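Beneath this line is the structure, given in structure tokens, with notes to follow.
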Amino acid sequence: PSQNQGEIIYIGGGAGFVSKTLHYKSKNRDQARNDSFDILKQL
RNA sequence: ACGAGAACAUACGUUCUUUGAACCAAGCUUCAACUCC
């Protein structure tokens, strides 16, 4: 389902952690382990 | 047996007349009712 135009945004319907945040800038790996530690280490 | 004796510096009279504590000025700026399992 991408890319259609693409004019798509996520409105806050419980769309997810990575929808609400911004820090998948600017690589796949270090940001994934960063928020991995950040949310699911302290919980 | 005094340059002395007697003699209110007194009477009358509004600190009073006219005068906006005013003029200008957004309770506003930035925010996802949300994340996780």
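In the structure tokens, the first chain shown is A, the next is B, and so on; residue numbers restart at 1 for each chain, and ligands run from 1 in the order shown.
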
Kindly provide the residues of chain B that approach chain A to within 12 Å, each paired with its closest atom pair and their distance in Å to one decimal, based on only C-alpha atoms (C1' of nucleotides), listed by chain and increasing number, as CSV.
```
residue,atom,partner,partner_atom,distance
B:32,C1',A:12,CA,6.2
B:33,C1',A:12,CA,9.0
B:34,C1',A:14,CA,8.0
B:35,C1',A:17,CA,6.5
B:36,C1',A:39,CA,8.0
B:37,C1',A:43,CA,9.5
```

TODO: as a PyMOL selection string, list the residues of chain A assigned to helix (DSSP H, G or I) by DSSP on the backbone atoms of this structure.
DONE: chain A and resi 17-20+28-40

For C-alpha atoms, I'd like the residues from the last selection saved as a PDB file, in the first residue's frame.
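Once written, again-v7.pdb looks like this:
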```
ATOM      1  CA  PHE A  17       4.835   4.269  19.333  1.00  0.00           C
ATOM      2  CA  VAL A  18       6.774   4.903  16.133  1.00  0.00           C
ATOM      3  CA  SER A  19       3.868   6.867  14.674  1.00  0.00           C
ATOM      4  CA  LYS A  20       3.787   9.302  17.591  1.00  0.00           C
ATOM      5  CA  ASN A  28      17.118   1.756  10.623  1.00  0.00           C
ATOM      6  CA  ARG A  29      19.429   0.236  13.221  1.00  0.00           C
ATOM      7  CA  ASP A  30      20.617   2.666  15.906  1.00  0.00           C
ATOM      8  CA  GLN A  31      17.185   4.223  16.282  1.00  0.00           C
ATOM      9  CA  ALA A  32      15.572   0.781  16.676  1.00  0.00           C
ATOM     10  CA  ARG A  33      17.971  -0.235  19.423  1.00  0.00           C
ATOM     11  CA  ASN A  34      17.699   3.253  20.956  1.00  0.00           C
ATOM     12  CA  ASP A  35      13.951   3.166  21.392  1.00  0.00           C
ATOM     13  CA  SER A  36      14.185  -0.574  22.151  1.00  0.00           C
ATOM     14  CA  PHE A  37      16.225   0.252  25.260  1.00  0.00           C
ATOM     15  CA  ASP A  38      14.220   3.416  25.885  1.00  0.00           C
ATOM     16  CA  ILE A  39      10.736   1.942  26.143  1.00  0.00           C
ATOM     17  CA  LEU A  40      11.148  -1.768  26.780  1.00  0.00           C
TER      18      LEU A  40
END
```

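Here CA of residue 22 in chain A is placed at a distance of 22.1 Å from CA of residue 4 in chain A.
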
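Taking CA of residue 26 in chain A as the reference point, CA of residue 42 in chain A is found at 23.9 Å.
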
TODO: Grab the CA of residue 1 in chain A to CA of residue 15 in chain A distance for me, in Å with one decimal place.
DONE: 16.3 Å
